[PDB]
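Since the structure comes first, as structure tokens, the remarks are kept for the end.
So that the names make sense, note that chain A is the first sequence line, chain B the second, and so on, each numbered from 1.
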Amino acid sequence: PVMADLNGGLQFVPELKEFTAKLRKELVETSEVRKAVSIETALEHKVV
Amino acid sequence: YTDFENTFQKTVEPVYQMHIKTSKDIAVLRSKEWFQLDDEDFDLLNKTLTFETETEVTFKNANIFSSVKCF
Amino acid sequence: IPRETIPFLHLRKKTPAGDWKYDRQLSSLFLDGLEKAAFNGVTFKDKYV
């Protein structure tokens, strides 16, 4: 039997799940903050 | 009367309350220049804030203000 | 437990690489418990199984 590792070194990233959940939050948080801050800056400009 | 340079209005605003539930709410508040914490590193998360504002206005004409102060 | 001898009964510890290997300290906890059980007995009072 042949065992081929086609895993791109992924196994050497410790605590992978937490690492992927952190990258996801850092991205979704940045998305949702930018959405909210841009919507409020538009509404402020509209009012003034 | 059309002498808008002699007009002015002070309003005591109703007290507004915000429950800061998320870090998005915090970012939206920090995006406002007018929002000025004494301690910039104050932890707003899970806090209830109250805003006790007064608005001083001067008029250019009927619809447009020549000045707005909210403090 | 001799140095460089794995007991017939032992506990393993997951390495940062994600492999399970003999762990002398965990194995010592388990085997000391077995020794106490063998001399003194062990209670399971208030265990629901």
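Surrounding NZ of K17(A) are at most 12 heavy atoms belonging to other residues, nucleotides or ligands under 6.0 Å away. Within a 6.0 Å radius of CZ in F19(A), other residues, nucleotides and ligands contribute 12 heavy atoms or fewer. Open room surrounds NZ on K22(A); 12 or fewer heavy atoms of other groups in view lie less than 6.0 Å from it. Within 6.0 Å of atom CG in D39(B), more than 12 heavy atoms from other residues, nucleotides or ligands are found, so the atom counts as buried in its surroundings.
Atom CZ of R34(A) is separated from atom OG of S31(B) by 13.5 Å, given to the nearest 0.5 angstrom.
Using a 4.0 Å cut-off between charged nitrogen and carboxylate oxygen, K24(B) and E29(A) do not count as a salt-bridge pair.
Residues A27(B) and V37(A) approach most closely at O-CG2, 4.0 Å, considering heavy atoms. The two atoms that bring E40(A) and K32(B) nearest to each other are O-NZ, 3.6 Å, heavy atoms only.
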